[PDB]
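Shown next as structure tokens: one chain only, the form deposited in one PDB entry.
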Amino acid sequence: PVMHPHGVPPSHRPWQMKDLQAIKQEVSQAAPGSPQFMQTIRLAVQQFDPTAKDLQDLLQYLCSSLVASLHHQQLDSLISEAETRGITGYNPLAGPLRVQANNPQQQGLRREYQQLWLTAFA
């Protein structure tokens, strides 16, 4: 997660097993793949403002590795298309999008990545 205490720079913190278990419980109260599921997963994304790596690690904890693997591959295709049109604050010369989306200071890029990560659940 990315924390934003007012008056200081943002910072990344590792997932805590408690945070993961809390999200697992919230998401479990909605049918996997449903709109309320998507509403609960997006709700979790806004709560913890996770990086690209955080989102990958989160999915690997909540889902089977095969379900998580499919999402990763569908997101890879969405990332390719997004990179062809251009992404908010993304410069290909600065490295992979997934790597740039782990810089806590690149909020706009992280927030756009999150939307792509949520869209890949289609």
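Position 1 is the first residue in the sequence shown; the rest follow in order. Whichever C-alpha set is largest while still superposing within 1.5 Å between the two forms counts as the rigid core.
Note on 88 to 96 vs 69 to 77: mean CA B-factor is higher in 88 to 96.
Just going by the entry, 60 to 68 versus 26 to 34 on mean CA temperature factor gives the higher value to 26 to 34. When the C-alpha B factors of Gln114, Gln21, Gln107, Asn102 are read from the deposited coordinates, the top value falls at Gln21.
In this PDB entry, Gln39 carries a Cα temperature factor that places it within the highest third of its chain's modelled residues.
Sort the chain's modelled residues by C-alpha temperature factor and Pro5 lands in the middle third, per the entry.
The following text describes the form deposited in another entry, which does not appear among the structures shown.
Rigid core superposed between the shown form and the other one, residues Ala68, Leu43, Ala30, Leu78 considered: the one with a C-alpha shift of 2 Å or more is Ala30.
In the other entry, the CA atoms of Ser69 and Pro32 come closer by at least 3 angstroms compared with the shown structure. Relative to what is shown, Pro32 and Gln73 are closer in the other entry; their C-alpha atoms differ in spacing by at least 3 Å.
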